[PDB]
$ cat my_file_5.cif   # mmCIF, C-alpha atoms and all ligand atoms
data_query
loop_
_atom_site.label_atom_id
_atom_site.label_comp_id
_atom_site.auth_asym_id
_atom_site.auth_seq_id
_atom_site.Cartn_x
_atom_site.Cartn_y
_atom_site.Cartn_z
CA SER K 1 -0.29 -26.50 -28.60
CA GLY K 2 -0.79 -27.50 -24.96
CA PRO K 3 -2.67 -26.35 -21.86
CA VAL K 4 -4.02 -22.79 -21.77
CA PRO K 5 -2.56 -20.89 -18.79
CA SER K 6 -4.46 -19.53 -15.80
CA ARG K 7 -4.13 -16.87 -13.10
CA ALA K 8 -5.96 -16.30 -9.83
CA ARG K 9 -8.75 -13.74 -10.08
CA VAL K 10 -7.68 -12.35 -6.69
CA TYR K 11 -4.52 -12.07 -4.58
CA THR K 12 -2.57 -12.83 -7.77
CA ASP K 13 0.69 -10.93 -7.34
CA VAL K 14 0.54 -10.70 -3.53
CA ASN K 15 3.76 -12.76 -3.16
CA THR K 16 5.76 -10.92 -5.86
CA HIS K 17 5.42 -7.81 -3.67
CA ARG K 18 6.82 -9.34 -0.49
CA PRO K 19 10.51 -9.83 0.24
CA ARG K 20 11.87 -13.06 -1.23
CA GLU K 21 12.37 -14.68 2.17
CA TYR K 22 8.60 -14.63 2.75
CA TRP K 23 7.74 -17.33 0.20
CA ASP K 24 11.21 -18.80 -0.56
CA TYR K 25 10.65 -21.45 2.12
CA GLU K 26 13.54 -23.50 0.76
CA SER K 27 16.16 -21.07 2.13
CA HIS K 28 14.37 -20.49 5.47
CA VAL K 29 16.47 -21.58 8.48
CA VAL K 30 14.65 -23.40 11.31
CA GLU K 31 14.78 -21.85 14.79
CA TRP K 32 14.64 -25.03 16.91
CA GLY K 33 13.53 -25.21 20.56
CA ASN K 34 14.11 -27.57 23.49
CA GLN K 35 11.95 -30.71 23.49
CA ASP K 36 12.99 -30.91 27.15
CA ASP K 37 10.47 -28.09 27.61
CA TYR K 38 7.55 -30.46 26.96
CA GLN K 39 6.30 -33.73 28.45
CA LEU K 40 3.94 -35.78 26.30
CA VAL K 41 0.73 -36.43 28.22
CA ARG K 42 -1.45 -38.58 25.99
CA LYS K 43 -2.06 -39.39 22.32
CA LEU K 44 -4.98 -37.59 20.64
CA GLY K 45 -5.03 -39.41 17.30
CA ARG K 46 -3.07 -40.55 14.28
CA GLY K 47 -2.78 -39.11 10.79
CA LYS K 48 -1.20 -39.39 7.38
CA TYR K 49 1.90 -37.29 8.15
CA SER K 50 1.83 -37.07 11.95
CA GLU K 51 0.93 -38.65 15.29
CA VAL K 52 -0.67 -36.11 17.60
CA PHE K 53 -0.03 -35.84 21.32
CA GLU K 54 -1.39 -33.69 24.05
CA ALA K 55 1.51 -32.24 25.97
CA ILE K 56 2.45 -29.91 28.77
CA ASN K 57 5.01 -27.14 28.55
CA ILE K 58 6.70 -27.78 31.92
CA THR K 59 7.97 -24.16 31.73
CA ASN K 60 4.60 -22.81 32.90
CA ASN K 61 2.18 -25.77 33.17
CA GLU K 62 0.72 -24.73 29.80
CA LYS K 63 -1.43 -27.16 27.80
CA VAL K 64 -0.23 -27.73 24.26
CA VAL K 65 -0.59 -29.95 21.20
CA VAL K 66 2.55 -31.69 19.95
CA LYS K 67 2.49 -33.17 16.44
CA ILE K 68 5.40 -35.44 15.59
CA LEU K 69 5.99 -35.18 11.85
CA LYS K 70 6.30 -38.24 9.75
CA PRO K 71 9.51 -38.10 7.75
CA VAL K 72 9.13 -36.01 4.60
CA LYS K 73 11.91 -34.04 2.90
CA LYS K 74 13.42 -31.17 4.91
CA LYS K 75 12.04 -28.71 2.32
CA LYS K 76 8.47 -29.86 3.15
CA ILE K 77 8.94 -29.25 6.89
CA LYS K 78 10.40 -25.83 6.11
CA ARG K 79 7.36 -25.19 3.92
CA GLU K 80 4.91 -26.10 6.66
CA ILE K 81 6.79 -24.07 9.27
CA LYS K 82 7.21 -21.02 7.05
CA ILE K 83 3.50 -20.92 6.18
CA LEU K 84 2.39 -21.32 9.80
CA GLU K 85 4.65 -18.45 10.84
CA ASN K 86 3.22 -16.20 8.10
CA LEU K 87 -0.37 -17.02 9.01
CA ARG K 88 0.37 -16.80 12.77
CA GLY K 89 -2.08 -14.44 14.43
CA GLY K 90 -4.60 -14.62 11.59
CA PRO K 91 -8.29 -15.40 12.08
CA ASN K 92 -9.03 -19.04 12.92
CA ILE K 93 -5.47 -20.02 12.04
CA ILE K 94 -3.83 -22.66 14.22
CA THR K 95 -1.04 -20.99 16.22
CA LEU K 96 2.44 -22.54 15.90
CA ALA K 97 4.09 -22.34 19.31
CA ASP K 98 7.56 -23.97 19.13
CA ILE K 99 9.59 -26.38 17.01
CA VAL K 100 11.47 -29.29 18.61
CA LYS K 101 12.79 -32.78 17.83
CA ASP K 102 11.41 -36.13 18.98
CA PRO K 103 14.16 -37.12 21.45
CA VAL K 104 14.34 -40.83 20.54
CA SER K 105 14.49 -40.33 16.75
CA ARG K 106 14.94 -36.82 15.37
CA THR K 107 11.75 -36.43 13.37
CA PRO K 108 10.95 -32.76 14.00
CA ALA K 109 7.81 -32.00 15.94
CA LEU K 110 5.55 -28.97 15.71
CA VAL K 111 4.03 -27.56 18.92
CA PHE K 112 0.66 -25.83 18.67
CA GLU K 113 -1.80 -23.93 20.78
CA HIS K 114 -4.26 -26.33 22.38
CA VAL K 115 -7.82 -26.52 21.02
CA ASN K 116 -10.34 -28.97 22.44
CA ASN K 117 -11.91 -30.88 19.58
CA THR K 118 -15.63 -31.43 19.94
CA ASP K 119 -16.46 -34.92 18.63
CA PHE K 120 -16.22 -34.61 14.82
CA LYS K 121 -19.06 -37.20 14.76
CA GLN K 122 -20.97 -36.30 17.94
CA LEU K 123 -20.84 -32.82 16.35
CA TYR K 124 -23.43 -33.68 13.68
CA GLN K 125 -26.62 -34.65 15.52
CA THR K 126 -26.43 -31.18 17.15
CA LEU K 127 -25.61 -28.88 14.19
CA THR K 128 -28.52 -26.60 13.47
CA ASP K 129 -28.62 -24.83 10.13
CA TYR K 130 -27.28 -21.77 11.96
CA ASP K 131 -24.40 -23.81 13.40
CA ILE K 132 -23.34 -24.60 9.84
CA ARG K 133 -23.58 -21.06 8.51
CA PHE K 134 -21.62 -19.73 11.49
CA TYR K 135 -18.86 -22.34 11.22
CA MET K 136 -18.82 -22.08 7.45
CA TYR K 137 -18.24 -18.38 8.09
CA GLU K 138 -15.43 -19.02 10.55
CA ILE K 139 -13.67 -21.18 7.97
CA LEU K 140 -14.03 -18.57 5.20
CA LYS K 141 -12.30 -16.07 7.51
CA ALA K 142 -9.34 -18.46 7.65
CA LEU K 143 -9.49 -18.89 3.86
CA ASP K 144 -9.68 -15.22 2.88
CA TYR K 145 -6.82 -14.57 5.26
CA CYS K 146 -4.37 -17.13 3.87
CA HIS K 147 -5.30 -16.55 0.26
CA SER K 148 -4.86 -12.86 0.94
CA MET K 149 -1.53 -13.92 2.52
CA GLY K 150 -0.58 -15.66 -0.77
CA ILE K 151 -1.12 -19.25 0.52
CA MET K 152 -3.34 -22.12 -0.72
CA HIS K 153 -4.21 -24.56 2.08
CA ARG K 154 -4.88 -27.38 -0.47
CA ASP K 155 -6.25 -29.87 2.05
CA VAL K 156 -9.49 -28.35 3.34
CA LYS K 157 -11.88 -30.97 4.81
CA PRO K 158 -13.72 -31.52 8.14
CA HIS K 159 -10.90 -33.58 9.68
CA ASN K 160 -8.58 -30.57 9.27
CA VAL K 161 -11.04 -28.20 10.96
CA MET K 162 -10.92 -28.16 14.77
CA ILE K 163 -14.05 -26.90 16.49
CA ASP K 164 -14.52 -25.98 20.16
CA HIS K 165 -18.32 -25.97 20.16
CA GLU K 166 -18.76 -24.80 23.76
CA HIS K 167 -16.95 -21.52 22.92
CA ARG K 168 -17.71 -21.22 19.17
CA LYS K 169 -13.97 -21.31 18.38
CA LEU K 170 -12.66 -22.92 15.20
CA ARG K 171 -9.12 -23.49 13.92
CA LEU K 172 -8.04 -24.61 10.47
CA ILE K 173 -5.17 -26.98 11.20
CA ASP K 174 -2.66 -29.28 9.47
CA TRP K 175 -1.03 -26.91 6.94
CA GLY K 176 1.36 -29.56 5.62
CA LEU K 177 0.03 -29.43 2.06
CA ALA K 178 -0.23 -25.65 1.75
CA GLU K 179 1.74 -23.72 -0.85
CA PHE K 180 2.39 -20.14 -1.93
CA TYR K 181 0.53 -19.02 -5.01
CA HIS K 182 2.76 -17.71 -7.80
CA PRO K 183 1.38 -16.69 -11.21
CA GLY K 184 2.25 -19.25 -13.89
CA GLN K 185 3.57 -21.86 -11.43
CA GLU K 186 2.52 -25.47 -11.98
CA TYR K 187 1.67 -27.49 -8.88
CA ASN K 188 1.37 -31.15 -8.00
CA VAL K 189 -2.10 -32.59 -8.58
CA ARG K 190 -1.57 -35.36 -6.00
CA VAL K 191 -2.70 -33.08 -3.13
CA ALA K 192 -5.74 -32.90 -0.85
CA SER K 193 -7.93 -35.86 0.05
CA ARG K 194 -9.70 -37.79 -2.71
CA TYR K 195 -13.31 -36.97 -1.81
CA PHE K 196 -12.30 -33.30 -1.84
CA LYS K 197 -10.05 -32.99 -4.89
CA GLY K 198 -10.97 -30.28 -7.35
CA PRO K 199 -11.88 -31.16 -10.92
CA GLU K 200 -8.60 -29.49 -11.93
CA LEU K 201 -6.65 -32.01 -9.83
CA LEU K 202 -8.44 -34.94 -11.46
CA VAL K 203 -8.08 -33.75 -15.07
CA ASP K 204 -4.46 -32.80 -14.26
CA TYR K 205 -4.46 -29.03 -14.75
CA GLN K 206 -1.35 -27.97 -12.86
CA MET K 207 -1.72 -24.15 -12.92
CA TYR K 208 -4.42 -23.87 -10.26
CA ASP K 209 -4.79 -21.37 -7.44
CA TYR K 210 -6.73 -20.51 -4.28
CA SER K 211 -10.04 -21.47 -5.85
CA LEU K 212 -9.23 -25.14 -5.28
CA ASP K 213 -9.74 -24.51 -1.57
CA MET K 214 -13.12 -23.11 -2.58
CA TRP K 215 -14.09 -26.35 -4.36
CA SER K 216 -13.25 -28.25 -1.20
CA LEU K 217 -15.27 -25.80 0.86
CA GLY K 218 -18.18 -26.80 -1.37
CA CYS K 219 -17.63 -30.52 -0.77
CA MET K 220 -17.75 -29.79 2.94
CA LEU K 221 -20.89 -27.70 2.41
CA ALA K 222 -22.69 -30.38 0.44
CA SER K 223 -21.97 -33.23 2.84
CA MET K 224 -23.21 -31.15 5.77
CA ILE K 225 -26.43 -29.63 4.46
CA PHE K 226 -27.45 -32.91 2.78
CA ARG K 227 -25.99 -35.19 5.52
CA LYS K 228 -24.14 -37.21 2.87
CA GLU K 229 -20.54 -38.06 3.78
CA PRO K 230 -18.76 -37.91 1.53
CA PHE K 231 -20.84 -36.04 -1.04
CA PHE K 232 -18.72 -37.12 -4.04
CA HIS K 233 -17.92 -40.69 -2.95
CA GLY K 234 -15.22 -41.81 -5.38
CA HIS K 235 -13.59 -45.25 -5.50
CA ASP K 236 -10.34 -43.62 -6.75
CA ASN K 237 -9.01 -40.48 -8.40
CA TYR K 238 -10.56 -41.60 -11.71
CA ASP K 239 -14.01 -42.53 -10.38
CA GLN K 240 -14.00 -39.39 -8.25
CA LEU K 241 -14.29 -37.44 -11.49
CA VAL K 242 -17.09 -39.72 -12.63
CA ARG K 243 -18.90 -39.14 -9.35
CA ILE K 244 -18.67 -35.37 -9.83
CA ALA K 245 -19.76 -35.55 -13.46
CA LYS K 246 -22.94 -37.42 -12.49
CA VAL K 247 -23.96 -34.39 -10.41
CA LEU K 248 -22.54 -31.50 -12.45
CA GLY K 249 -23.02 -33.35 -15.74
CA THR K 250 -20.56 -33.94 -18.53
CA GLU K 251 -21.42 -30.92 -20.72
CA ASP K 252 -19.72 -28.36 -18.47
CA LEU K 253 -16.91 -30.83 -17.83
CA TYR K 254 -16.18 -30.90 -21.56
CA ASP K 255 -16.51 -27.14 -21.88
CA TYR K 256 -13.90 -26.83 -19.14
CA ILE K 257 -11.49 -29.24 -20.83
CA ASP K 258 -12.14 -27.49 -24.13
CA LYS K 259 -11.43 -23.94 -22.91
CA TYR K 260 -8.21 -24.87 -21.07
CA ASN K 261 -7.22 -27.34 -23.82
CA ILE K 262 -6.55 -29.98 -21.17
CA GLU K 263 -5.39 -33.39 -22.42
CA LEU K 264 -7.84 -35.86 -20.89
CA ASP K 265 -6.23 -39.08 -19.75
CA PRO K 266 -7.61 -41.57 -22.30
CA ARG K 267 -8.67 -43.73 -19.33
CA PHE K 268 -11.53 -41.25 -18.86
CA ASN K 269 -12.53 -41.49 -22.55
CA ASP K 270 -14.31 -44.71 -21.50
CA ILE K 271 -15.94 -44.02 -18.12
CA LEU K 272 -17.16 -40.39 -18.06
CA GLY K 273 -20.05 -40.96 -20.39
CA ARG K 274 -22.81 -38.38 -20.87
CA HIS K 275 -24.68 -37.08 -17.82
CA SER K 276 -27.15 -34.25 -17.29
CA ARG K 277 -26.59 -31.68 -14.52
CA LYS K 278 -28.95 -32.64 -11.67
CA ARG K 279 -30.83 -30.07 -9.59
CA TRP K 280 -29.85 -30.02 -5.94
CA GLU K 281 -33.45 -30.89 -4.94
CA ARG K 282 -32.77 -34.59 -5.61
CA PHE K 283 -30.40 -34.76 -2.58
CA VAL K 284 -32.96 -33.25 -0.23
CA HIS K 285 -34.93 -35.58 2.01
CA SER K 286 -36.81 -35.47 5.31
CA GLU K 287 -33.70 -36.16 7.40
CA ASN K 288 -31.71 -33.19 6.02
CA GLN K 289 -34.30 -30.60 4.98
CA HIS K 290 -34.08 -28.40 8.09
CA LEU K 291 -30.57 -27.51 6.81
CA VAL K 292 -31.44 -26.89 3.13
CA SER K 293 -32.56 -23.42 2.02
CA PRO K 294 -32.66 -21.55 -1.29
CA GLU K 295 -29.91 -19.38 0.20
CA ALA K 296 -27.88 -22.49 1.00
CA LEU K 297 -28.43 -24.22 -2.35
CA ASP K 298 -27.62 -21.10 -4.35
CA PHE K 299 -24.36 -20.67 -2.45
CA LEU K 300 -23.42 -24.33 -2.96
CA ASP K 301 -24.04 -24.03 -6.70
CA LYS K 302 -21.66 -21.05 -6.85
CA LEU K 303 -18.78 -23.06 -5.32
CA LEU K 304 -19.04 -26.46 -7.04
CA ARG K 305 -17.94 -25.47 -10.54
CA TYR K 306 -15.48 -27.19 -12.84
CA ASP K 307 -14.03 -23.90 -14.09
CA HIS K 308 -11.92 -22.90 -11.07
CA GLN K 309 -11.95 -19.27 -12.21
CA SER K 310 -15.72 -19.10 -11.92
CA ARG K 311 -16.10 -20.39 -8.36
CA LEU K 312 -16.79 -17.82 -5.67
CA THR K 313 -13.74 -16.38 -4.00
CA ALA K 314 -13.50 -16.80 -0.25
CA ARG K 315 -14.30 -13.07 0.10
CA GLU K 316 -17.19 -13.29 -2.38
CA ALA K 317 -18.41 -16.30 -0.41
CA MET K 318 -18.52 -14.24 2.79
CA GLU K 319 -20.84 -11.69 1.15
CA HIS K 320 -23.44 -14.30 0.15
CA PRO K 321 -26.99 -14.02 1.61
CA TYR K 322 -26.63 -17.44 3.24
CA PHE K 323 -24.52 -15.58 5.84
CA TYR K 324 -26.59 -12.38 6.21
CA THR K 325 -27.87 -13.58 9.57
CA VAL K 326 -24.35 -14.43 10.82
CA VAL K 327 -22.78 -11.17 9.60
CA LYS K 328 -25.29 -9.01 11.47
CA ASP K 329 -24.98 -11.20 14.60
CA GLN K 330 -21.28 -10.48 14.98
CA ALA K 331 -21.75 -6.90 16.23
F1 LIG M 401 8.00 -35.31 19.33
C1 LIG M 401 8.20 -35.01 20.64
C2 LIG M 401 8.15 -33.68 21.03
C3 LIG M 401 8.35 -33.33 22.35
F2 LIG M 401 8.30 -32.01 22.72
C4 LIG M 401 8.61 -34.32 23.32
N1 LIG M 401 8.83 -34.22 24.67
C5 LIG M 401 9.02 -35.44 25.16
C6 LIG M 401 8.91 -36.36 24.13
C7 LIG M 401 8.65 -35.65 22.95
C8 LIG M 401 8.44 -36.01 21.59
#

$ encode --input "my_file_5.cif" --output "structure tokens" --more "lines below"
Ligand SMILES: Fc1cc(F)c2[nH]ccc2c1
Amino acid sequence: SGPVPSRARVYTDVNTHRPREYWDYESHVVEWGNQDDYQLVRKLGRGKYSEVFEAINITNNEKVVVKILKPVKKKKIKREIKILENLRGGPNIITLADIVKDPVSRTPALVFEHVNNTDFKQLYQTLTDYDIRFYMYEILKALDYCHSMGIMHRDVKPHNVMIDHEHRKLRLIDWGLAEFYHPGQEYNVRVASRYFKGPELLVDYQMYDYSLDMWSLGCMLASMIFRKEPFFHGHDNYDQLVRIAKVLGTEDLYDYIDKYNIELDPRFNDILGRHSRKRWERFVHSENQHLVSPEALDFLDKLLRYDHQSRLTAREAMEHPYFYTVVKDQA
């Protein structure tokens, strides 16, 4: 027939057991606030869907991050706002503070709790192998929470992780691509950034789930323990799958197509080729070794799998030995 269906191993029916309004973001009404309450201070950076200002709530001299949305469809704003309000208060989840309108256009603007970013690049020549485990752990907290809240982030990557190194605080931000998981629903593959897309996005398997965030967590992991950025450095969505296959090899790629009966774009049928699965040792060198460990390589292997159902879950991730040291430390 056609593609074999899939279901999340965990948190599957979580949404079906909440009131409709929780995930039906289409029918959610926006409680707007007064942009007059904030004065833009300075610009912090650009972005695909938003320009990001530092701002002051003149109500109370509070520091704040304003993020002027770039125009999508009203149902995408409602989606982002809904999700942020559900996750609000959760571990390492960016806190949505108010919703206003850019006064000279109308483009809505989200207002967030302020988090100092420590230089996403200057924060590299100072990460010890413990730094990585710890922050990896902080991110998994955010992932188990939103999965367990029925939400896939769908855009995990270092740019969307804010770190305050001086105080070991970390916030997973920019939820504009997230979605609610529903069993049997088919999602858009054009999501997440190219270097981080899951195999299921590239082969066009639309009935994916939380475990796509887990694949991206592995692309983050690789690039950071090996100091290779990006790890899977694809020239486009097509090549990106070739770059993965060269590491994971084509045999498991074809087992994964076979078992889900995915229809491979014939474009691939010329460029994937045949490739063995290479042992992680080949990406270890003198400049990155202090961060590689059998613990760390095992854990990476158990995330970077074609078959989305066989990747570690966020919660399974947090029980791995690569975090034993961290787990005991919190206490
Ligand atoms: F997008 C926004 C959001 C705000 F809160 C603002 N305040 C003053 C300008 C402005 C623009």

$ residues_near_point --input "my_file_5.cif" --point "(-24.9, -16.3, -4.9)" --cutoff "9 Å" --atoms "all atoms listed in the file" --output "list in words"
residues 295, 298, 299, 300, 301, 302, 312, 316, 317, 319, 320, 321 and 322 of chain K

$ residues_around --input "my_file_5.cif" --residues "residue 219 in chain K" --least-positions-apart "6" --cutoff "12 Å" --atoms "all atoms listed in the file" --output "PyMOL selection string"
chain K and resi 136+155-158+193-199+212-213+225-233+244+300-305

$ write_last_selection --input "my_file_5.cif" --atoms "C-alpha atoms" --output "PDB file, in the coordinates of the input"
ATOM      1  CA  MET K 136     -18.820 -22.080   7.450  1.00  0.00           C
ATOM      2  CA  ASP K 155      -6.250 -29.870   2.050  1.00  0.00           C
ATOM      3  CA  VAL K 156      -9.490 -28.350   3.340  1.00  0.00           C
ATOM      4  CA  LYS K 157     -11.880 -30.970   4.810  1.00  0.00           C
ATOM      5  CA  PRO K 158     -13.720 -31.520   8.140  1.00  0.00           C
ATOM      6  CA  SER K 193      -7.930 -35.860   0.050  1.00  0.00           C
ATOM      7  CA  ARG K 194      -9.700 -37.790  -2.710  1.00  0.00           C
ATOM      8  CA  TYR K 195     -13.310 -36.970  -1.810  1.00  0.00           C
ATOM      9  CA  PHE K 196     -12.300 -33.300  -1.840  1.00  0.00           C
ATOM     10  CA  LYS K 197     -10.050 -32.990  -4.890  1.00  0.00           C
ATOM     11  CA  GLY K 198     -10.970 -30.280  -7.350  1.00  0.00           C
ATOM     12  CA  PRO K 199     -11.880 -31.160 -10.920  1.00  0.00           C
ATOM     13  CA  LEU K 212      -9.230 -25.140  -5.280  1.00  0.00           C
ATOM     14  CA  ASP K 213      -9.740 -24.510  -1.570  1.00  0.00           C
ATOM     15  CA  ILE K 225     -26.430 -29.630   4.460  1.00  0.00           C
ATOM     16  CA  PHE K 226     -27.450 -32.910   2.780  1.00  0.00           C
ATOM     17  CA  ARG K 227     -25.990 -35.190   5.520  1.00  0.00           C
ATOM     18  CA  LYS K 228     -24.140 -37.210   2.870  1.00  0.00           C
ATOM     19  CA  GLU K 229     -20.540 -38.060   3.780  1.00  0.00           C
ATOM     20  CA  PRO K 230     -18.760 -37.910   1.530  1.00  0.00           C
ATOM     21  CA  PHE K 231     -20.840 -36.040  -1.040  1.00  0.00           C
ATOM     22  CA  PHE K 232     -18.720 -37.120  -4.040  1.00  0.00           C
ATOM     23  CA  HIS K 233     -17.920 -40.690  -2.950  1.00  0.00           C
ATOM     24  CA  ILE K 244     -18.670 -35.370  -9.830  1.00  0.00           C
ATOM     25  CA  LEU K 300     -23.420 -24.330  -2.960  1.00  0.00           C
ATOM     26  CA  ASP K 301     -24.040 -24.030  -6.700  1.00  0.00           C
ATOM     27  CA  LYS K 302     -21.660 -21.050  -6.850  1.00  0.00           C
ATOM     28  CA  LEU K 303     -18.780 -23.060  -5.320  1.00  0.00           C
ATOM     29  CA  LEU K 304     -19.040 -26.460  -7.040  1.00  0.00           C
ATOM     30  CA  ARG K 305     -17.940 -25.470 -10.540  1.00  0.00           C
TER      31      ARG K 305
END

$ residues_near_ligand --input "my_file_5.cif" --ligand "ligand LIG 401 (chain M)" --cutoff "8 Å" --atoms "only C-alpha atoms and all ligand atoms" --output "PyMOL selection string"
chain K and resi 34-40+55+66-69+100-104+107-111

$ atom_distance --input "my_file_5.cif" --atom1 "CA of residue 206 in chain K" --atom2 "CA of residue 238 in chain K"
16.5 Å

$ closest_atom_pairs --input "my_file_5.cif" --of "range 146-172 of chain K" --to "range 76-98 of chain K" --cutoff "7 Å" --atoms "all atoms listed in the file" --output "Markdown table"
| residue | atom | partner | partner_atom | distance |
| --- | --- | --- | --- | --- |
| K:146 | CA | K:87 | CA | 6.5 |
| K:170 | CA | K:92 | CA | 5.8 |
| K:171 | CA | K:92 | CA | 4.6 |
| K:172 | CA | K:93 | CA | 5.5 |

$ closest_residue --input "my_file_5.cif" --among "K:61, K:223, K:216, K:105" --to "residue 124 in chain K" --atoms "only C-alpha atoms"
K:223

$ closest_residue --input "my_file_5.cif" --among "K:217, K:262, K:292, K:177" --to "residue 72 in chain K" --atoms "all atoms listed in the file"
K:177

$ atom_distance --input "my_file_5.cif" --atom1 "CA of residue 57 in chain K" --atom2 "CA of residue 120 in chain K"
26.4 Å

$ closest_residue --input "my_file_5.cif" --among "K:123, K:140, K:152, K:115" --to "residue 12 in chain K" --atoms "all atoms listed in the file"
K:152

$ closest_residue --input "my_file_5.cif" --among "K:203, K:151, K:173, K:8" --to "residue 22 in chain K" --atoms "all atoms listed in the file"
K:151

$ residues_near_point --input "my_file_5.cif" --point "(-33.1, -31.5, 3.0)" --cutoff "12 Å" --atoms "only C-alpha atoms" --output "NGL selection string"
:K and (129 or 222-228 or 280-294 or 296-297)

$ decode --input "my_file_5.cif" --residues "range 159-218 of chain K" --atoms "C-alpha atoms" --output "PDB file, in the first residue's frame"
ATOM      1  CA  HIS K 159      21.223  28.792  18.679  1.00  0.00           C
ATOM      2  CA  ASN K 160      17.867  28.043  20.350  1.00  0.00           C
ATOM      3  CA  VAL K 161      19.498  27.236  23.700  1.00  0.00           C
ATOM      4  CA  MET K 162      20.269  30.242  25.906  1.00  0.00           C
ATOM      5  CA  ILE K 163      22.952  29.703  28.527  1.00  0.00           C
ATOM      6  CA  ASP K 164      23.867  31.944  31.469  1.00  0.00           C
ATOM      7  CA  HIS K 165      27.226  30.358  32.248  1.00  0.00           C
ATOM      8  CA  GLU K 166      28.000  32.448  35.342  1.00  0.00           C
ATOM      9  CA  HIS K 167      24.888  31.017  37.079  1.00  0.00           C
ATOM     10  CA  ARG K 168      24.559  27.631  35.306  1.00  0.00           C
ATOM     11  CA  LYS K 169      21.093  28.612  34.028  1.00  0.00           C
ATOM     12  CA  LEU K 170      19.832  27.425  30.650  1.00  0.00           C
ATOM     13  CA  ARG K 171      16.616  28.161  28.740  1.00  0.00           C
ATOM     14  CA  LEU K 172      15.291  26.432  25.639  1.00  0.00           C
ATOM     15  CA  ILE K 173      13.868  29.303  23.610  1.00  0.00           C
ATOM     16  CA  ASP K 174      12.156  30.061  20.284  1.00  0.00           C
ATOM     17  CA  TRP K 175       9.169  27.655  20.366  1.00  0.00           C
ATOM     18  CA  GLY K 176       7.800  28.851  17.028  1.00  0.00           C
ATOM     19  CA  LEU K 177       8.089  25.454  15.342  1.00  0.00           C
ATOM     20  CA  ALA K 178       6.736  23.353  18.204  1.00  0.00           C
ATOM     21  CA  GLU K 179       3.611  21.242  17.832  1.00  0.00           C
ATOM     22  CA  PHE K 180       1.353  19.002  19.898  1.00  0.00           C
ATOM     23  CA  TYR K 181       1.829  15.301  19.386  1.00  0.00           C
ATOM     24  CA  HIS K 182      -1.324  13.438  18.359  1.00  0.00           C
ATOM     25  CA  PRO K 183      -1.305   9.724  17.464  1.00  0.00           C
ATOM     26  CA  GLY K 184      -1.688   9.187  13.717  1.00  0.00           C
ATOM     27  CA  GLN K 185      -1.235  12.869  12.815  1.00  0.00           C
ATOM     28  CA  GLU K 186       1.008  13.683   9.853  1.00  0.00           C
ATOM     29  CA  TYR K 187       3.285  16.689  10.223  1.00  0.00           C
ATOM     30  CA  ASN K 188       5.223  18.952   7.893  1.00  0.00           C
ATOM     31  CA  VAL K 189       8.733  17.724   7.123  1.00  0.00           C
ATOM     32  CA  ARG K 190       9.975  21.248   6.317  1.00  0.00           C
ATOM     33  CA  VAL K 191      10.743  21.959  10.003  1.00  0.00           C
ATOM     34  CA  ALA K 192      13.904  22.394  12.081  1.00  0.00           C
ATOM     35  CA  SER K 193      17.239  23.563  10.704  1.00  0.00           C
ATOM     36  CA  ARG K 194      18.919  21.566   7.945  1.00  0.00           C
ATOM     37  CA  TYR K 195      22.012  20.384   9.836  1.00  0.00           C
ATOM     38  CA  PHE K 196      19.643  19.082  12.523  1.00  0.00           C
ATOM     39  CA  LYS K 197      16.810  17.484  10.553  1.00  0.00           C
ATOM     40  CA  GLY K 198      15.964  13.925  11.455  1.00  0.00           C
ATOM     41  CA  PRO K 199      16.284  11.160   8.878  1.00  0.00           C
ATOM     42  CA  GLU K 200      12.478  10.961   8.958  1.00  0.00           C
ATOM     43  CA  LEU K 201      12.247  14.584   7.782  1.00  0.00           C
ATOM     44  CA  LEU K 202      14.617  13.933   4.882  1.00  0.00           C
ATOM     45  CA  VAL K 203      12.971  10.702   3.661  1.00  0.00           C
ATOM     46  CA  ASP K 204       9.578  12.404   4.151  1.00  0.00           C
ATOM     47  CA  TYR K 205       7.962  10.262   6.850  1.00  0.00           C
ATOM     48  CA  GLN K 206       5.222  12.543   8.149  1.00  0.00           C
ATOM     49  CA  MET K 207       4.015  10.571  11.209  1.00  0.00           C
ATOM     50  CA  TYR K 208       6.918  11.394  13.515  1.00  0.00           C
ATOM     51  CA  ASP K 209       6.917  12.280  17.195  1.00  0.00           C
ATOM     52  CA  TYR K 210       9.033  13.546  20.096  1.00  0.00           C
ATOM     53  CA  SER K 211      11.983  11.381  19.100  1.00  0.00           C
ATOM     54  CA  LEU K 212      12.866  13.877  16.364  1.00  0.00           C
ATOM     55  CA  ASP K 213      13.935  16.266  19.110  1.00  0.00           C
ATOM     56  CA  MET K 214      16.134  13.421  20.309  1.00  0.00           C
ATOM     57  CA  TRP K 215      17.868  13.130  16.921  1.00  0.00           C
ATOM     58  CA  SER K 216      18.619  16.832  17.075  1.00  0.00           C
ATOM     59  CA  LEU K 217      19.922  16.462  20.609  1.00  0.00           C
ATOM     60  CA  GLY K 218      22.376  13.974  19.123  1.00  0.00           C
TER      61      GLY K 218
END
